[PDB]
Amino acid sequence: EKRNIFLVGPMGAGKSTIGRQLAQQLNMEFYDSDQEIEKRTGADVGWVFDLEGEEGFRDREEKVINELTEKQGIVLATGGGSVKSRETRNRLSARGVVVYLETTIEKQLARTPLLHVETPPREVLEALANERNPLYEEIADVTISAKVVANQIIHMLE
């Protein structure tokens, strides 16, 4: 259907790669909230994070996501920590089908907008997952090459 598809999960989950494939196979618009932030600030997303601090970044991100989710027929790759906001999570759930790309710590560490230039120690990623995994799972309607995964998701939505 035309219904929105929102991809959630940690950085390195393939939100952008899988989302672009989904958008092309379903002939929909693709958006990346990190990319929209860069577009509105004219700067690297990680730079905006570092300069504005968490508080300011999260507010800006929440506003960006509120606006994107109001669109129709789009595939959205949401920021990894965008699920921290309760309002955002309720908006994501209500405005489209939420697909959670469950990702191991290993995959997250794995090889190449970038919120952070370099990978952190495993401990940091484990700590993040303990806080965020329950958030991703709370709003997931569907839990999971990009082409293969994209069609699998599609088969699940069917």
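The numbering used is simple: start at 1 and walk along the sequence shown.
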Residues without coordinates, deposited sequence, stretch from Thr112 to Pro113: is the count none, 1 to 3, 4 to 9, or 10 or more? 4 to 9
Looking at the deposited sequence, how many residues between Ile139 and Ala140 were given no coordinates in the entry: none, 1 to 3, 4 to 9, or 10 or more? none
On average, which has the higher Cα B-factor in the deposited entry, 28-36 or 115-123? 115-123
Of the two stretches 67-75 and 80-88, which shows the higher Cα B-factor on average in the entry? 67-75
Could you tell me which third, lowest, middle or highest, the C-alpha B-factor of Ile144 occupies within its chain? highest
Position of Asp44 among the chain's modelled residues by C-alpha B-factor, lowest, middle or highest third: highest
Hey, what third does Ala150 fall into on Cα B-factor, ranked over its chain? highest
For the chain shown, is the CA B-factor of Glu55 in the lowest, middle or highest third of its modelled residues? highest
